Each structure stands twice: as structure tokens, then as C-alpha cells.
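The chain that follows stands alone, in the form deposited in one PDB entry, written as C-alpha cells.
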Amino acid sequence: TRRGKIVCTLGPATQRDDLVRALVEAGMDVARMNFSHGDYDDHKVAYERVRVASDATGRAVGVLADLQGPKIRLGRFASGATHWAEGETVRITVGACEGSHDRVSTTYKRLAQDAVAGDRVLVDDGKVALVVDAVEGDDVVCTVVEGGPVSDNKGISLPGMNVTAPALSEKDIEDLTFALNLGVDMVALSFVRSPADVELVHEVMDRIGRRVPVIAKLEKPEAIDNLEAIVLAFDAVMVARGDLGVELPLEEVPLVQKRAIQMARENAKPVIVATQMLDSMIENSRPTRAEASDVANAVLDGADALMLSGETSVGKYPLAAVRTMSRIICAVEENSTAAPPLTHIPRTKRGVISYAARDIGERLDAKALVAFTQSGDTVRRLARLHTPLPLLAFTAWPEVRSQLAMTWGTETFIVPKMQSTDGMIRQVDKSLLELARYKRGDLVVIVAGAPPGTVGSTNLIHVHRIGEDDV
């Protein structure tokens, strides 16, 4: 079965009974809750349906809260949706209005004040493009230069305009709070522009008394300019290609994607590739050849996880989207799990030990690699190496199981907090022997550490035959 992980975004199309359950059954490893949409009630209900389906099927499902950040947006249209055709004049106003085809609000109140004739305005990640002709008091008068359909509250991007807005708005802070309290496993922050942005997420987490891993979404040039610092200061990154493809030239995105994946794997941080991977399946039961390709090449790039957005959130074929993405990933993986090699020899204890664990298990044809982890680190350092062998993480902290749902190749087992490595090893046998997949005598390679229950104590590798007296 599949090694590459699948993130799905929840929405209107997953709101009906036991759709969430079908998604998990079809392979969803992480549920994304997008805080740009929905009411708190909708997010509670969805969260609850994910815990039910995860617990009831036995499959790990991480819940990731996506914070809107400083996303600039349109207001409402009287019709909910209009066509912006090439040649038309449109006003985007910071004043209040009855929104119509000709005149629509925006949430960015400095827009009239900061826009300059010549500026370009991409709507909805480029389904429409406009050029600013003038600013008349509150209105930015523009010409539609590339036409297309626009609708309520779609995003706008103003490439190069250097936008003033908090890294976390009042709304983001409250959504973060509600999400921490509800119990989510990870938090993603939109529009990261600095490694220091994670500090602000941590400040809130600490007031509230609870931290989880933070994912930087990469969709700003400033973020790509600071890629390594951001990969080091955050716990994960998402290549957020929708907005990245209008914040930067769309032609630069594929190499940015590839670099950012490599940078994540170099430093053992999960990385998610997001947005329009199967875009056409919003309306169609099968994807284009470019989509299938895009997904396969994200696998070969070495991405831990691929994400579906509108394909599951508002689309007509959410389940098929998930199964399809799963089939393409598996097709690549049946061929090879190899990823671009790392450009350094590991230097950290946990990196050096995990690297060696992998060598041992592959050279002996072990049935599995097994690694004990309290924070996930030791397992992340092995996962990044890719390996055809099962990579089975063991932990006593259930949150780590949900967190590891976004890490390549990794299934997790929860066991009691043990006071010794012999104890860790007995638990391995006990857990695996209750599975079909393992029987007594099977060869496994186990990484563990003492002093027990201490992050970063990893210090042993143990070649072990299940149940046999080799400890």
C-alpha cells in the first residue's frame, strides 16, 4: 500500500453524512479545515466526524487548521457571481457598496491609497486579470485584460505591491484559539513572509497553554527568499501553489516547488504540495494528463504529502479525487520509492542513527523498520530517506500519531509509556503479532532510546526476530 500521504480539504461537498467516513476509507491521511470559510459550528461538526471515522476504521487522520492570514479579498456581488469579460471597466472600491458587475468591495482598506496605475490585479489565482488605470477617491478603476468568472469573496493578488497587514489578524488569533481548544493536531499559517512569523503563532499557543506543529505556507516571494530560515523555524511547510503562482511568475513555481521539497527533506520537516493537482476533477470524473503527471512528479520530487483543495471541498467528485490521487501515487511507488538524494551526510545523532537503521533493514530484507518517537523527530529523519520497507512509528503520545499522518511512509502505533527498551521491544512484538501482517519469527529493525520517555535520547538499533529470545 501507499506511502505518500494525502491531505484533503473539507467543505460543502464533504458536509453530508459519512462522506468524511468515505474519505478516510478511501485514503485521507489529513483533513484540512480552511478557516477562510465556514462557521465555528461547521468546523466543530467536521472535526468530530474525522475523529469518529479515524477511530472507527483504525486509520490515523491528522486534523490541520488552515489560518487565513492576511489574505486580501473581494466583497460580494448582488448575484453571487458575474462574468468579467475582456475590455470591461471594473471598479474595486475600499468604500462600502452594493456589489455588482461594475463595482465591488475589497477587504484591503489601503488599496486605493497604495495602488498605482499600471498595477496588475489577479483574481482568484488568475481566473481573471485586470490592470489599474486610475484611482478616484476610494475606487480603483481597472480594465479587464483577461476575462473570466468572478464570485463572492474571491482572493485578489497584487504582485509586487508591498502589502501592510498583520501576520496574524484578530480573526486569525481567534480561529487559532478555537482550533487549539477544539483539539486539532497541526496549524498552517497562510502568507508566511518571515521565520519570525512562527514566534507570533507560538506566543498565542503559549498564552492558551497548548502548542502543536506549525506549517508555513509558501505563497509569497519573501518566503521563498527566506526559505531555509523558514524551514528551520517552522515544523513543516506547504507548497501553496494557488497563491504562489500569482505572487510569483507562474513559470517559476515548478522549480520553487522542487527546491522547497528538497529543503524540507534536508532538515527532516514534512512538506505538502498543494493546489490544483487534480483541479479538473472538480467537474470531471477523470483528470487531465497534466494533472496525472503533476501528481506523479510530486511523488518523485520526494513530497511527504499531496493536497486536494476544491477537488474535495466544493467539487462533485471528492471520493474519486482521492482514489485517483491514490492510484497515481501507488503506480509511481510500485516502480520505485527513491527520492532525490540528500546533499549532506546526516550530522545529528537521530539522523545518523535513523540513516543506519535504514541501511541495516534494507540490506537484511527486514519485514519492517520500527522507530520509537516521542516528538516524531527520529521517524521524520528516516521517512525523508524513503525506503520500500514499512516504516512503523511507535509512540505513547496519540497526538504524535495524528502528526505523523503527514509524514511519508509512516504508520503509527500507540503503546504504553515504558520504562525500558526491553519493554519497548516486547510492545513491538505484542502490537505487531495482533496484525495479520506480522507473525513470530519475522525480522524487524527497531530504533529506540534511553533514558526512556525522553525526546532525543534515541541511541539503539536492535535487529529483532518477533517473539524470539534475542534481547
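Numbers follow the displayed sequence, beginning with 1.
Unshown form deposited in another entry; subsequent notes refer to it.
Exercise. Answer whether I328 and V123 are in the same rigid part of the chain between the shown form and the other one.
Key: Segmentation between the shown form and the other one puts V123 in the other part from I328.
Quiz item: With a C-alpha distance change of 3 Å or more, do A78 and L10 lie closer or farther in the other form?
Solution: It is farther: in the other form, the C-alpha atoms of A78 and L10 lie at least 3 Å more apart than they do here.
Quiz prompt | Closer or farther in the other form: C-alpha pair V192, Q113 (3 angstroms or more) | solution = Closer together, by at least 3 Å.
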